[PDB]
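Working notes, structure below.
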Amino acid sequence: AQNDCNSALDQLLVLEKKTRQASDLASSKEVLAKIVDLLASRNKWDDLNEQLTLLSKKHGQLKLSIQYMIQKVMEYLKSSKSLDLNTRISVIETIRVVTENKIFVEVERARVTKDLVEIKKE
Amino acid sequence: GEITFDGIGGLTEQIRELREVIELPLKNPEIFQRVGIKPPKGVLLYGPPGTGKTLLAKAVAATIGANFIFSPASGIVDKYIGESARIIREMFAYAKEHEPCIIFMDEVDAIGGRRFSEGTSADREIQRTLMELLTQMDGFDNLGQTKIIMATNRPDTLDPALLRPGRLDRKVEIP
Amino acid sequence: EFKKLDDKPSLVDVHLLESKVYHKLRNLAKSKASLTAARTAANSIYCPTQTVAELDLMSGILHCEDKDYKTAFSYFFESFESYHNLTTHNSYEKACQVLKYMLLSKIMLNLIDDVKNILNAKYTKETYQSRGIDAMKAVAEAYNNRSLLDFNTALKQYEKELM
Amino acid sequence: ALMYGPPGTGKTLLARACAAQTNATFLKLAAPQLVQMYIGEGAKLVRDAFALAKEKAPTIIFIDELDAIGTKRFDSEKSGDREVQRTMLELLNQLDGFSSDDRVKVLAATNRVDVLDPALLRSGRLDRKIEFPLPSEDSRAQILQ
Amino acid sequence: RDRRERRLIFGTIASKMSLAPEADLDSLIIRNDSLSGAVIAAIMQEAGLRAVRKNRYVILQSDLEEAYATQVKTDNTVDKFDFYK
Amino acid sequence: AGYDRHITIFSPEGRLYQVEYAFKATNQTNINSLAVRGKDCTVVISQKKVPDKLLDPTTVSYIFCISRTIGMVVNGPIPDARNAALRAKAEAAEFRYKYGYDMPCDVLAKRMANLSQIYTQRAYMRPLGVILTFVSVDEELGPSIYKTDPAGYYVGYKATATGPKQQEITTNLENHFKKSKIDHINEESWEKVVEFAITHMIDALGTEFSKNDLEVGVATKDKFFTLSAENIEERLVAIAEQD
Amino acid sequence: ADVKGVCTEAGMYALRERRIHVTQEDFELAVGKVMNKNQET
Amino acid sequence: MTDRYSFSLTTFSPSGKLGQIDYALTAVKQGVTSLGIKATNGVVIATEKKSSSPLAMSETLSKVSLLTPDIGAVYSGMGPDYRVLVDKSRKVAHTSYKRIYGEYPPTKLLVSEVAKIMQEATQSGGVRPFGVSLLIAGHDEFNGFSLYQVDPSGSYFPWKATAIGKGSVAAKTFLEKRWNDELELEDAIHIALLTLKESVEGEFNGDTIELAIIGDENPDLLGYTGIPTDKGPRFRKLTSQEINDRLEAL
Amino acid sequence: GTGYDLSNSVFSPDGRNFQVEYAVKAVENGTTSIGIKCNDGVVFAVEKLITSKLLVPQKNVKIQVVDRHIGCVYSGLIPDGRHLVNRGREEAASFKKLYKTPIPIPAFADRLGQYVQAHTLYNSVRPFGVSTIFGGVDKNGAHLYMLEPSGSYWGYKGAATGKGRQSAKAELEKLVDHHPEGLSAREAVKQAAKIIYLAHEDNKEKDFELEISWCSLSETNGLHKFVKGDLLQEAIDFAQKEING
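Protein chains in written order, with the authors' numbering: chain P, 28 to 149; chain L, 176 to 350; chain Q, 164 to 326; chain M, 218 to 362; chain K, 344 to 428; chain A, 10 to 252; chain J, 356 to 396; chain B, 1 to 250; chain G, 4 to 248.
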């Protein structure tokens, strides 16, 4: 309930120090997997999705950590359909880490676009 | 060229300016053509030749797969009727066939002086050369898949003609 | 009188009018020369944006009667860009007359496609619709299909304003 | 390398010593001979020098003067002094061309350092700038012996 | 080139390249005072060319402005002359 | 006499070679400055860099506090900057005794200009190279920015910039002021005033800078203060709190 | 030299208006042109 | 140690000229169009206001300075030379006359005092001479309204209208023709805008003209609203709105 | 270009007068001297060149005192450095009388600064061709400063100048990092001695005699004193232990 959420939040403040913004420490998917999977557990996947999206607009242990997590949550939104389907649109316009402008390269980048575009055509 | 463009990175600033003037029109005329402003003309590299200017010129040629044409400016100075006209002409004709191409002019003061003191000894051969380059430029023939890059240490023995836009318009400095 | 009393702002006005008189009397030659003098005079002095563009309107008008639809195009282009930046602060007669002429020059030049582009554009046509604008569209189109019936139809409905 | 600094100590004599020790062919190439008033021919001469030097390797190309592969100024009289910019440039372009392999050496000698195009900033050109000082008591005494 | 004269040169080169209702001449008349017809044509042409290398298809009054300001100087020289500021 | 640049005397052309060269290469010392006006503050941002880890950057100073209330931002080198500082300081103090009142930006500017001019005519002195921007929040005019430049010319500003990103800074403020119909923004707290400055700074020079790479000097009514290193990061993080 | 210039400037006026002679008129206007140059700011 | 410079830096050339005065004059020709008119019912002086920057005040900027209360000056030349010179002129005018004869120096007498400053500076070494020319337009109640020219060397001559700067001669032609004495001050303001429109093209406003007149009184220019004791100033500088109002008045 | 190689009374376009360039050059052409700031003090050390046995120790020390608590050492030419200091002294005596307090290290930087800058506004006075490293402890903390010959000066954490400037900054930069600022004043003598040793490697045509002095608020009590005896002797040994050769 709160305690596990706190360990995500306090460990986020550890991770913000962690990240790489100059030549300091180091850019890890290990920390971000602890935050995003156990916050999905505390809450639900939709709730995770909105809070996470705001967090991504600041640091993120180099943005590939964030891009990987965004694909998992997205699959759950699609699975349920209705308003969560709408929520996929919202999220992708807000931040660019799966329509990424820091680098143009990735398979995850393309995949996440193809699913949004297919639902819009249909 | 005999040296790579990505491998000489850390010379980054110069690399990027050179890509954007050269690579993009050569691969894609279509974009410059749609806007209705011509593709770039002539580029100058100025500042030290000994910092690895020379490396950059070879390196740009390597990525385009352009034909690299290295010219000794003095060698363009034959003392016979028209041999000197003939070389400029050959160099250009071959550039068009073998386009894309870099035409690299090593220390431009001898084919593009200013005059010694306003006087003449041999500084009319320099003028004979120089009018031919200005003529090709001004001409009906247009630079866009043949690119000419001038190099000299100092810009203080380039002719005023060249320093005027439309015979050089892009001037890259080594920072 | 004017050129030795320093009534130099007046000089532009009279030169333009002197042209209009010449043009009607059938001295197409006299009009161009007079106009070139109004042009020398205009650039002697500071003056409004609108004046400058107005001589250029006459320049493009002589360039349809003395041929070179291309050169007519190019001034009318200059007048119209400037009126775009003035926006809706251009006076009514000026904006309307350049636009009537612009559409016409293209039809004679055989750039039929470009009358349809003016029509779609609204920074280069404004909000304006009138019979004139409808006639130019109708003739340029009557022109493309190779259709005489369509030409006669515009000629007649549109006639009072157009002709 | 480029040497400047006073001879009258056996600068020439040292150059030949190095030549003997390494087992280089000593080639005295006089900078005024290139500097030709005729077209290019001088450019070709610079290339021929490298060509023979590369065949004969080890080799020191010992350049009498520096006043005619240099002294080009930065003014608009650098126009006149073309022949000298071109002989030099080529010899450098050619050395860095082959910098990894040590076959040919270039040495220039003068009393004192002159205006030149940048070339002291690069390994494959004449990297090294060597000074001659004056003797001291130990040195005079050996020279006397 | 007097004021009516510069005005024409911006317009004529401006026809040839991308333009839109932003390509404000009023701005330009203040920015340029009496430079030769060679010089005005040279600059207007170069700025369309430079924008397109900065990977902009569009030309705006904004676009001409950012290209110009880069080319005109790289060192900082305080106002104009020593005669009047 | 002698010559026109071996001693300071007119050029062939009626120019002065020494004042024009004083304008140019005294702002290329890895310095770029801007000053903008608050509502009830005046903000200066100026670059200020240290190339060693062994150079204590506290002593490194290029915003000076002339009096308790007066600041002077120098663009140009520390040998020159201290000749102008000594003069400024002295003038400030003298003014305070004699005329009984605190020293306005404008009076200081005007006095220093006339003095530089005299040194410009001298044949055994130079004009100083420095460009001096004098700041406070006067109770006789509100927030003020007055800048002198080296020729004996000086003039008042409402917002100024120096270094060859002058055009960029100006245009962003001009468009902004034409829209809002004011040349001073309205906000009380100093904090929000520094955020306004940064917004226009970041866009215009196209970069952000570290705590020790900046130096920010704030003028308030009856105080001038420089922001500590943490205090300058707090502000850079605070806009990014918004993001 | 100016008296020779007056005739040649007068001639361009004659030539434009497609005359097969020059007139007195052209000459007055031509004198006015030279005087304008002498007065230079 | 210290200076030893006492050798004159202004010296004669083979022709009889003075190198420094010749140089200084080139600067003046290139300087800002300024004129002066005596309207006979006043004196109007106009000069170009300029801005350095749109974000720059031009309130501080000095193109028209009051030398003494009834007298203004304007110039073409070198701005920094002008500023210092105005100062020495103000100082001597105040100390040596304003309780000695009990009033301001007469215009001609003040032109001579300026003339002297410039001549000291031309004679003596350690310093180069002033590089400036002034138009001193004035009123004194013992000579009426006056216009003088002050040259760089300190030569002066009387004028009743003139212009100096760039584009002088033609500016004088328009002024010569339009005004020939006995003219309202207002009318001379109108003529002056017309002469300058023809002289300056590219952009023209009354927000780039700075206009002063000596040719009015208010109670506010006695400096008190009580019972007169003296006459007081007649210098009045107009604000930009008033000038636009006279630009609207044909 | 020209006129700026003979004068200082006019301004270079380079922003840097050719005569000023020549002044810096004579600084690098002297000996090494350095200065170390520490967590309570400053320690100064200099390499004194031994040429012949006709010279006498500790009478040709290049450390000269100003006031009571400022020790001043330099690189460049001897006459320039002594005249510069003699002026410091005179201002220092004046200071003490008038304000009844000792002259600051920041004040003294200014005093020197203004004498140098004065000679760089005039072609009729020739400036100084020494860089002087100085510092001490005062009422407002410990200070190390370096004065350069332009009339540029700042406070530093560490300083070197001279022939051996580079080697000295290297050896110093490692030791300062390791420590918080340079640890104790005791430690700093040992550290200093290592720095001089590395700096000697650019000489090698003369032998040297090591001379250190300190100003410390925890082991001298605010006075400038030489470091000699036991403390110097352990320092020679420490250098020769870690640095081999």
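For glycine and all other residues, C-beta sits at the position ideal for the given N, C-alpha and C.
Exercise. Report yes if the CB atom of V196 of chain L is closer than 7 Å to the CB atom of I324 of chain L, and no otherwise.
Key: no
Exercise. Measuring only between beta-carbons, confirm whether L392 of chain K sits less than 7 Å from chain L.
Key: yes
Quiz item: According to the Cβ coordinates, are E214 of chain G and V68 of chain G closer than 7 Å?
Solution: no
Quiz item: With 16 other CB atoms within 10 Å as the buried threshold, where does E204 of chain G fall?
Solution: exposed
Quiz item: Taking the alpha helix (DSSP H) that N248 of chain Q falls in, what are its first and last residues?
Solution: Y232 to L249
Quiz item: Does DSSP classify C218 of chain G as helix, strand or coil?
Solution: strand
Self-check item: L186 of chain G versus G:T5, G:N42 and G:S15, residue with shortest Cα-Cα distance
Solution: G:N42
Self-check item: Endpoints, beta strand (DSSP E) assigned at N242 of chain L
Solution: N242 to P247
Quiz item: Tell me which same chain residues have a C-beta within less than 7 Å of the C-beta of residue 181 of chain M, skipping the five on either side of it?
Solution: Shown here, chain M extends from 218 to 362; a query on residue 181 of chain M therefore has no answer.
Quiz item: For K40 of chain G, which of helix, strand or coil comes out of DSSP?
Solution: strand
Quiz prompt | the region 229-240 of chain Q: positions lying closer than 8 Å to chain K by Cβ | solution = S237 and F240
Quiz item: Just reading off the alpha helix (DSSP H) that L337 of chain M is part of, what are its end residues?
Solution: Run containing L337 of chain M: none; DSSP gives neither H nor E here.
Exercise. Consider the C-beta atom of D357 of chain J and the heavy atoms of the ligand FMN; say whether any pair is separated by less than 6 Å.
Key: In the structure shown, the ligand FMN is absent, as is every other ligand, since no ligand is present at all.
Quiz item: Is the Cβ-Cβ distance between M81 of chain A and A102 of chain A less than 7 Å?
Solution: no
Quiz item: Which of helix, strand or coil does DSSP assign to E127 of chain P?
Solution: coil
Quiz item: Using a C-beta to C-beta distance shorter than 9 Å, which residues of chain L count as neighbours of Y221 of chain M?
Solution: Those do not exist, as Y221 of chain M stays about 17 Å from chain L at its closest Cβ, beyond 9 Å.
Exercise. Taking only beta carbons into account, state which residues of the region 99-132 of chain G come closer than 8 Å to chain B, listed in chain order.
Key: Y125, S127 and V128
Quiz prompt | Of the residues L:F243, L:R339 and L:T327, the one placed nearest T226 of chain L, counting alpha carbons only | solution = L:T327
Quiz prompt | Where the region 250-262 of chain L meets chain M: residues whose CB sits under 9 Å from a CB there | solution = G250, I251, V252, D253, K254, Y255, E258 and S259
Quiz item: Given a threshold of 16 other Cβ atoms within 10 Å of its Cβ, counted over all protein chains shown, does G202 of chain B qualify as buried or as exposed?
Solution: exposed
Quiz prompt | Counterpart residues of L213 of chain G in DSSP-defined beta bridges | solution = G:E50
Quiz item: So is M149 of chain G buried or exposed if we call it buried at 16+ other beta carbons inside 10 Å?
Solution: buried
Quiz prompt | Per-residue burial, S293 of chain Q [other beta carbons within 10 Å of its own, 16 or more giving buried] | solution = exposed
Practice problem: Along the alpha helix (DSSP H) that carries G354 of chain K, what are the first and last residues, could you check? | Solution: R346 to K359
Quiz item: How would you list, in chain order, the residues of chain G whose beta-carbon sits under 9 Å from the beta-carbon of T2 of chain B?
Solution: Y125, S127 and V128
Quiz item: Do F165 of chain Q and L174 of chain Q come within 7 Å of each other at the CB atom, strictly closer than that value?
Solution: yes
Quiz item: Taking Cβ positions only, does residue 267 of chain B come closer than 7 Å to chain K?
Solution: Summary: the structure shown does not reach residue 267 of chain B, with chain B confined to residues 1 through 250, and so no result is reported for it.
Practice problem: Consult DSSP for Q253 of chain M and reduce its assignment to one of helix, strand or coil. | Solution: coil
Quiz item: Applying the criterion that 16 or more other CB atoms from any shown protein chain within 10 Å of the CB defines a buried residue, is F315 of chain L buried or exposed?
Solution: exposed
Self-check item: Cα-Cα separation, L220 of chain G to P223 of chain L
Solution: 53 Å
Quiz item: Does DSSP put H182 of chain G in a helix, in a strand, or in coil?
Solution: coil
Practice problem: Return the bridge partner residues of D281 of chain L from the DSSP annotation. | Solution: L:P247
Quiz prompt | Within chain M, partners of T304 of chain L - CB distance below 9 Å | solution = The contacting residues do not exist; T304 of chain L stays about 11 Å from chain M at best.
Self-check item: 4-residue-minimum alpha helix (DSSP H) runs that sit fully inside the region 56-95 of chain B, ordered along the chain
Solution: 79-95
Quiz item: How far does the alpha helix (DSSP H) with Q362 of chain M in it reach, from first residue to last?
Solution: Taken as a continuous stretch (DSSP letters only), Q362 of chain M belongs to no alpha helix (DSSP H), as it is neither H nor E.
Practice problem: Give me whichever residues DSSP pairs with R345 of chain L in a beta bridge. | Solution: L:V218
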